[PDB]
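Peer 1: Protein chains in written order, with the authors' numbering: chain K, 50 to 91; chain G, 50 to 92; chain C, 1 to 45, 54 to 201, 230 to 266, 356 to 493; chain B, 3092 to 3139; chain O, 3092 to 3139; chain 5, 311 to 362.
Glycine residues also receive a C-beta, built at the ideal position from the N, C-alpha and C atoms.
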Amino acid sequence: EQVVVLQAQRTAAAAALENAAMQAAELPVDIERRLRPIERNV
Amino acid sequence: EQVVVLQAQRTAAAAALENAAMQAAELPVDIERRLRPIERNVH
Amino acid sequence: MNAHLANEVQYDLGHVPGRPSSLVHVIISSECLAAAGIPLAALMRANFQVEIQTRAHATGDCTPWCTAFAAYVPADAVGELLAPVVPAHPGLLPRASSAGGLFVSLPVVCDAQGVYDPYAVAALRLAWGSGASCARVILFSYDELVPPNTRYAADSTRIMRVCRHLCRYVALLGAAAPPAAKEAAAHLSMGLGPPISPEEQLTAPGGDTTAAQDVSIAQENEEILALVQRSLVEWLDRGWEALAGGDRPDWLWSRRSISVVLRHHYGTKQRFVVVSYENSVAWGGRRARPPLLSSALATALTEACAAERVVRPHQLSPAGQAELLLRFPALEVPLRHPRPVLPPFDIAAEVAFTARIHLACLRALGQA
Amino acid sequence: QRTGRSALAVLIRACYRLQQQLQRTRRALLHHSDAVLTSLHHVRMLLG
Amino acid sequence: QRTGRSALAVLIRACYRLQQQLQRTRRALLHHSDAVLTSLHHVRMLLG
Amino acid sequence: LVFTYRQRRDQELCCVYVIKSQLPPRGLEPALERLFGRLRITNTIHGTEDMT
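1. Taking 8 Å as the threshold (beta carbon to beta carbon), is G3095 (chain B) in contact with chain C?
2. Using the DSSP secondary-structure output, state which residues sit across from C70 (chain C) in a beta bridge.
3. Compute the beta-carbon to beta-carbon distance between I60 (chain C) and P115 (chain C), rounded to the nearest angstrom, for a pair I have assumed lies under 8 Å.
4. Can you give the Cα-Cα distance for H3123 (chain B) and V178 (chain C), rounded to whole angstroms?
5. From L417 (chain C), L377 (chain C) and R437 (chain C), pick the residue whose C-alpha is nearest to that of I351 (chain 5); which is it?
6. For a contact defined as C-beta to C-beta under 7 Å, what are the partners of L76 (chain K) on chain B?
7. Could you give the distance in angstroms between the alpha-carbon of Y124 (chain C) and the alpha-carbon of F453 (chain C)?
8. Are the region 74-83 of chain C and the region 2-14 of chain C touching by the rule of at least three beta carbon pairs closer than 8 Å?
9. Any Cβ of chain B within less than 8 Å of the Cβ of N257 (chain C)?
10. Can you list the alpha helix (DSSP H) stretches of 4 or more residues lying completely in the region 146-184 of chain C, in chain order?
11. Which chain C residues sit within Cβ distance under 8 Å of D320 (chain 5)?
12. Considering just the uninterrupted stretch of the beta strand (DSSP E) at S22 (chain C), what are its terminal residues?
13. Are the CB atoms of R144 (chain C) and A41 (chain C) nearer to each other than 8 Å?
14. Compare the Cα-Cα distances from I167 (chain C) to each of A444 (chain C), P156 (chain C), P415 (chain C) and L200 (chain C) and report the closest residue.
15. Any contact between the region 323-340 of chain 5 and the region 70-81 of chain G? By contact I mean 3 or more CB pairs, one from each, below 8 Å.
16. With a CB to CB cut of under 7 Å and the five nearest residues on each side skipped, what residues in its chain are close to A189 (chain C)?
17. Can you tell me the Cα-Cα spacing of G18 (chain C) and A64 (chain G), whole angstroms?
18. When you compare the region 60-74 of chain K with the region 390-399 of chain C, are there three or more beta-carbon pairs, one atom per stretch, that lie closer than 8 Å?
19. Can you look up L76 (chain G) in the DSSP assignment and give me helix, strand or coil?
20. Any Cβ of chain 5 within less than 8 Å of the Cβ of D250 (chain C)?
21. So, is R318 (chain 5) buried or exposed, given that buried needs 16 or more other C-beta atoms within 10 angstroms?
22. Which of the three DSSP states, helix, strand or coil, is assigned to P115 (chain C)?
23. Relative to the alpha-carbon of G137 (chain C), which residue among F111 (chain C), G109 (chain C) and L43 (chain C) has its alpha-carbon at the smallest distance?
24. Report the rounded CA-to-CA distance for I472 (chain C) versus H65 (chain C), giving the unit in angstroms.
25. In whole angstroms, what separates the C-alpha of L418 (chain C) from that of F346 (chain 5)?
26. Interface residues of chain 5 around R373 (chain C) at Cβ under 8 Å?
27. Return the CA-CA distance between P98 (chain C) and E50 (chain K), expressed in angstroms with no decimal places.
28. Look up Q255 (chain C) in the DSSP assignment and say whether it is helix, strand or coil.
29. Express the C-alpha separation of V264 (chain C) and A3105 (chain B) in angstroms, rounding to a whole number.
30. Roughly how many angstroms lie between the CA atoms of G243 (chain C) and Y327 (chain 5), to the nearest whole one?
31. Which word fits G491 (chain C), buried or exposed, when buried means at least 16 other C-beta atoms lie within 10 angstroms of its C-beta?
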C-alpha cells in the first residue's frame, strides 16, 4: 500500500521547487535593481 | 525492494537538500555582515 | 474561452457550492493531460461537461457534485488568449505555437476572513464515454491552485505589438479595409508615433508585487537623484468590429489585460497555467474581490516549524503547537483527532484512501 | 550666506535621505530572503 | 586655500570611493547567492 | 422587410433586406438570430455609452 503512496510523494515534491525555481530566479534580478539608481548616484 | 529503493532516495533527497539549505541560510548572514556597517560608511 | 466565461456567470448567480469560496481559472496543458489520464484524440471527437467536487482536509466530507463547462483546443491554448485569430483575416496577428489542452474553472473552499486550507483536494472527472473507463480523475491541492501574486502589470506590453500589427495590416489591406478602420489605423499610429510568444511571457522573471515595488522605489529615488544633481482602446474596438463584422466577449478580455502564470502539477510533474482576467470576478479581479483570500495559513505552517526544524506539523512540541491553534482554529480539526479517515498533512493521503480500500477489498476475499 | 548654506542643505538632503533608502531595501530584501526559507522548509513537508 | 580643500578632497576620495566598493561586493554576493540556487535545483535533478 | 441596426458611438450601420422564406411571422425570430446574431451580441455589449 505504501509503494504508491511513497511513489506519489516524490512526484509530489517534484512540483514545488519548479514553482520555486521561478520564485528564486527573481533573486538576481530584484537585487540587481538596487544599484541602477545607486550606481548612477556616484 | 521498491520500498528499499525509494526510502534510499528519500535519504538521498534531504542529504543534498540540507547541505544547500544551510548554504541558503548563509545568504542573510552576509547581508547583515556587509550592509550593516555601510550605514556608518555614508555617515 | 466561452466555457471559460460561462463559468464566471455560475459564480455570479451563486449556483456554485460555498459562498465564502472563490473561483480559480486553470489552463490544463495537453502534456499534463496525457500522463495523468485519458488520451487526447478522444476529446477531439463547443462545450464539454465536467463534474467537479471539493474535498475537505483529512476528514471524508466532500461536496456533492456540480457540473461545469470546458472546451479543448489542439492549438496554442495561451496563444489563443493572446492572439485571437479572426477567420476572415488569418494574417492579423503573429504568434508562437504551443501545446494546448482545456479550460476549467475551479472552486476553492475558503472562510470568512478568507483563508484557504492547504493539503486538501479539489478534483476533476473527465468522462469522454459511457462506462467505468473513459473517466479519469485529476486532482488539485489548494497549494496547486494558489500562486502568490498576479503578473498582468508585467504582461501589458503585449498590447503595443497588437496595436502595431493592426497598423501593419491596414497598410497591407489598403482599400479593402473599410474607411473608418482605415482611419483608425492612423489614429493608432498617432498614439504609436516580432511575433507574440506566450513562452516569453511565461518565462519572464516578473511578478506583480516584485515589479511594482521596484518601480515605485526607483521613482522615489529619481526625485532625490534629480534634486541633488541640480483612449486608443476604443480605437482598437472599431478595428476589431470592422474586420470581424461583430464582437464576442472573447475579444473583450484579450484587449484589456491578462495575468498568465506558470504553475506545476503535483501528480505528473507537468506545467499548467493559472489565469486571472482583469475585469473578472475570479482570482484577481478589478471589480469583485469580496472577500479576498490569503495564503497566511500555508505561511503559518512552514515558518513556525522551520525554526523548530520539525518535518511534520503534528510532530511539533505541544507548547509551540498550541499557539497555532489559538491563532488559527481551522487546523484544530485534523490535529486534535487521534484517528481520522485520512493521514493528515500528507499529499498522497488521497491516494492512500484508494489503496486502503484496495486492501480491505482483497482481505475480505481470501478469508471468505 | 544663503546660497552656500543651501548648497550644503542639498548635501544635507543628499546623504541623510539616501541613508534611509538603505534601511528599507534591506528589509524588503528580507522579504526576498524569507520567501526562500518559506519555500525550502515547505519542500521537506512534501516529503514527510 | 589649498590644505583645507585638499582635506575636503580626502573626504571626496573617502566617500565617493567607498560607495563604489558597495556596488561590487553585492555583485560578488550575487555569486554567493546563485551558487546556492545552482546547488538547490541540482538536488531535485538527482531525484527526478 | 428586414432592417439591420448596429448601435455604437461610432458611425452606425443600416441595411435593408427582402427575405423569401417558408417560415411564418411567428417563427422568423430564430432564423434572423442565426444570420444576424453576430450583430446581436455587439449591441448588447456596446450601445451603452455614455450611460454612467
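Peer 2: The structure says:
1. no
2. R63 (chain C)
3. 7 Å
4. 47 Å
5. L377 (chain C)
6. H3123
7. 12 Å
8. yes
9. yes
10. 166-181
11. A188, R363 and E366
12. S22 to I28
13. no
14. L200 (chain C)
15. no
16. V178, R363, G364, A367 and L368
17. 43 Å
18. yes
19. helix
20. no
21. buried
22. strand
23. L43 (chain C)
24. 11 Å
25. 43 Å
26. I351
27. 54 Å
28. helix
29. 6 Å
30. 53 Å
31. exposed
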